[PDB]
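This report refers to the structure that appears directly beneath it.
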Amino acid sequence: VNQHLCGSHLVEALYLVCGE
Amino acid sequence: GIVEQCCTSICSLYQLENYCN
């Protein structure tokens with residue numbers, strides 16, 4: 001499991017945790 | 001910033017949450 005968050009995976013993480 | 005902390009390195013939820021909006 002890759003725990004780095006890059007590019008659109010980083011954007012998807014922010015959308016998830018920030019809820020927007 | 002966020003790419004260095006979360007992409008180059010590994011960041012926790014509360015670090016990531018600091019970048020909300």
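A note on labels: chains of the structure tokens are A, B, ... as shown, every chain counts residues from 1, and ligands are counted from 1 in their shown order.
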
Just need the residues of chain A within 9 Å of chain B, counting only C-alpha atoms, so spit them out as an mmCIF file with C-alpha atoms, in the first residue's frame.
```
data_model
loop_
_atom_site.group_PDB
_atom_site.id
_atom_site.type_symbol
_atom_site.label_atom_id
_atom_site.label_comp_id
_atom_site.auth_asym_id
_atom_site.auth_seq_id
_atom_site.Cartn_x
_atom_site.Cartn_y
_atom_site.Cartn_z
ATOM 1 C CA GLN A 3 0.654 6.033 1.330
ATOM 2 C CA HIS A 4 1.753 8.909 -0.830
ATOM 3 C CA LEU A 5 -0.895 11.146 -2.293
ATOM 4 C CA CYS A 6 -0.049 12.818 -5.543
ATOM 5 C CA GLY A 7 -1.810 14.531 -8.429
ATOM 6 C CA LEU A 10 -4.249 14.164 -3.572
ATOM 7 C CA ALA A 13 -8.206 12.901 -0.685
ATOM 8 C CA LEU A 14 -8.938 16.612 -0.050
ATOM 9 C CA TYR A 15 -12.422 16.283 -1.512
ATOM 10 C CA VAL A 17 -11.680 14.779 4.082
ATOM 11 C CA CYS A 18 -12.726 18.421 3.582
ATOM 12 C CA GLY A 19 -16.074 17.420 2.103
ATOM 13 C CA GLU A 20 -15.651 19.802 -0.860
#
```

Could you write out, as JSON, numbers by chain, all the residues of chain A that DSSP marks as alpha helix (DSSP H)?
{"A": [7, 8, 9, 10, 11, 12, 13, 14, 15, 16, 17, 18]}
